[PDB]
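**Student:** before I ask anything, here's the sequence and the deposited coordinates:
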Amino acid sequence: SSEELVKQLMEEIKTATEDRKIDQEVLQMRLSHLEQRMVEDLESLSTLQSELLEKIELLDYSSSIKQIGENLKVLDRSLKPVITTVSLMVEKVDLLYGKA
Amino acid sequence: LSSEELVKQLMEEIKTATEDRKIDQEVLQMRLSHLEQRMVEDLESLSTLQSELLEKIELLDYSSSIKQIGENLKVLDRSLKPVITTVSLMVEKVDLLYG
Amino acid sequence: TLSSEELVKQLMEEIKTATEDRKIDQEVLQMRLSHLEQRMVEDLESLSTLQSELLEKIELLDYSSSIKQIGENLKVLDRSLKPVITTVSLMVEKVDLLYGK
Amino acid sequence: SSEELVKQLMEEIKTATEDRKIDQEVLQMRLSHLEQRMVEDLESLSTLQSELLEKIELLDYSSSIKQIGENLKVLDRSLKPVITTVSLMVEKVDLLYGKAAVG
């Protein structure tokens, strides 16, 4: 019963090492689940992030707005000569109208 | 200092250490599950925010307003120098008729 | 030179030093997960903030009205010019006919 | 078969201890893989977000759109007299055209 206490105990360590074997199964099951959920979800986020990027570059109107701006400055330029050419016609027409 | 008493001491040392290791394992299982639940909670939030960025950014669509302005700017261009030039011609033609 | 009783006692001091060291080793594996959770919590918090700060910035970059106005003002300036263009248009038809004779 | 039992038990404990030592090393190894994957993925999201913060600044036309609004108002104000002036002048051309047209 000292030699039967060693008997029982060698069965406990056999028992406990079987338990530990399953305990380590469950652990791998939770680890893998986290790793797989991390790529499903940290990945999913990256898609949308990049889908947003697409639309940000599809709503770049810097070129259209630079151009509108520049076309408006051409008109505003041609105002100078226009007023000049009109003012010379006014006196010309004023002269014919006084000497008709 | 018996043998049957000293095997029993070692029996309870091992029994304890086995109880300890089990707990350690259940602690680790809980911490892994907690981390995964927290990560999911916090990503679902970010994931929602990013969908409302996808919509909200359509506020920055001006494609149509911008085409209409490009065209009205052509209309203005035809409304100025080409008109004056025909007027200057016209005044030239009247001027001769009075000669 | 190995009494059964003496091998047991040696096994108990052995096991005792292994149960202490097993303890420290497990506390480190535990705190590895606490450290990673925190790291993840902090970085996702920062992400979330920027996301909100981006949302506020999109609202500060809506010049949709300010563009519609320029769109309209410009329609108004063009409409303001049709009457004079018509007048010139008619006078030119009349003058060119007389000049061509 | 007292000392030879202890010596057998000791061997069972040795194989149990060393199996555990390895399971710990295997766990430490998956944890390092987890730590490195998590950090690499979070650094990517943080990279891609700060690239987002920059691209969106390209849609800040405020400076341009003020200048457009400004340059238009000028033109619109600067044209009001030019319409008036050409309208009076074209009426006078009319009155001159009438006489030239009968004579």
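**Tutor:** On my side now, so go ahead. Numbers count the residues shown, from 1 in each chain, chains lettered A, B, ... in the order given.
**Student:** need the helices for chain A, in chain order.
**Tutor:** Using DSSP state H, the helices of chain A run over A:3-58, A:62-98.
**Student:** how about a markdown table for these, with distance to residue C:2 added?
**Tutor:** For the C-beta atoms, the positions are set from N, CA and C on the backbone; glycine is no exception. Below are these laid out as a markdown table (distance: least, CB to CB, whole Å):
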| stretch | distance to residue C:2 |
| --- | --- |
| helix A:3-58 | 15 |
| helix A:62-98 | 87 |
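**Student:** tabulate these (JSON lines), appending distance to chain C and mean neighbour count.
**Tutor:** Converted to JSON lines, the helices of chain A look like this (distance: least, CB to the nearest CB, whole Å; neighbours: other CB atoms under 10 Å in any protein chain shown):
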{"stretch": "helix A:3-58", "distance to chain C": "8", "mean neighbour count": "14"}
{"stretch": "helix A:62-98", "distance to chain C": "8", "mean neighbour count": "14"}
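**Student:** need the contact list for residue A:37.
**Tutor:** By CB atoms under 8 Å, 6 or more residues apart in numbering or on different chains, the residues touching residue A:37 are B:36, B:39, B:40.
**Student:** distance of the first one from residue B:43?
**Tutor:** Taking CB to CB, to the nearest Å as the measure, residue B:36 falls 11 Å from residue B:43.
**Student:** excluding chain neighbours, what is closest to whichever residue of chain A sits closest to chain D?
**Tutor:** Taking CB to the nearest CB, chain D has its nearest neighbour within chain A at residue A:42, 4.2 Å off. Sequence neighbours aside, residue D:41 is the residue nearest to residue A:42 in space, at 4.2 Å (criterion: CB to CB, 6 or more residues apart in numbering or on different chains).
**Student:** show me what stretch A:72-79 is in contact with.
**Tutor:** B:73, B:76-77, B:80-81, D:68, D:71-72, D:74-75, D:78-79, D:82.
**Student:** next: stretch A:7-14.
**Tutor:** B:7, B:10, B:11, B:14, B:15, B:18, D:8, D:9, D:12, D:13, D:16.
**Student:** 10 Å instead, please
**Tutor:** Here stretch A:7-14 makes contact (CB atoms under 10 Å, 6 or more residues apart in numbering or on different chains) with A:1, B:7-8, B:10-11, B:14-15, B:18, D:5, D:8-9, D:11-13, D:15-16.
**Student:** do the same with stretch A:45-57
**Tutor:** A:39, B:43, B:46-47, B:49-51, B:53-54, B:57-58, B:60-61, C:44, C:47, C:51, C:54, C:58, D:41, D:44-45, D:47-49, D:51-52, D:54-59.
**Student:** one more time with 6 Å
**Tutor:** Contacts to stretch A:45-57, defined as CB atoms under 6 Å, 6 or more residues apart in numbering or on different chains, come from residues B:47, B:50, B:53, B:54, B:57, D:48, D:55, D:56.
**Student:** check the offset of it from the chain's centre.
**Tutor:** Here stretch A:45-57 is found 4 Å from its chain centre; the criterion is CA atoms, centre = their mean, to the nearest Å.
**Student:** keeping just the C-alphas, turn it into PDB.
**Tutor:** Output in PDB follows, covering the C-alpha atoms of stretch A:45-57 (Å, rounded to 0.1, in the frame of the first residue of the first chain):
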ATOM      1  CA  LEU A  45     -11.600  46.400 -43.400                       C
ATOM      2  CA  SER A  46      -8.600  46.800 -45.900                       C
ATOM      3  CA  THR A  47     -11.000  46.100 -48.900                       C
ATOM      4  CA  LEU A  48     -13.500  49.000 -48.000                       C
ATOM      5  CA  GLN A  49     -10.500  51.200 -47.100                       C
ATOM      6  CA  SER A  50      -9.200  50.700 -50.700                       C
ATOM      7  CA  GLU A  51     -12.800  50.800 -52.200                       C
ATOM      8  CA  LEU A  52     -13.000  54.300 -50.600                       C
ATOM      9  CA  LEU A  53      -9.500  55.200 -52.100                       C
ATOM     10  CA  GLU A  54     -11.000  54.300 -55.700                       C
ATOM     11  CA  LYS A  55     -13.900  56.800 -55.200                       C
ATOM     12  CA  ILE A  56     -11.500  59.500 -53.700                       C
ATOM     13  CA  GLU A  57      -9.400  59.400 -56.900                       C
END
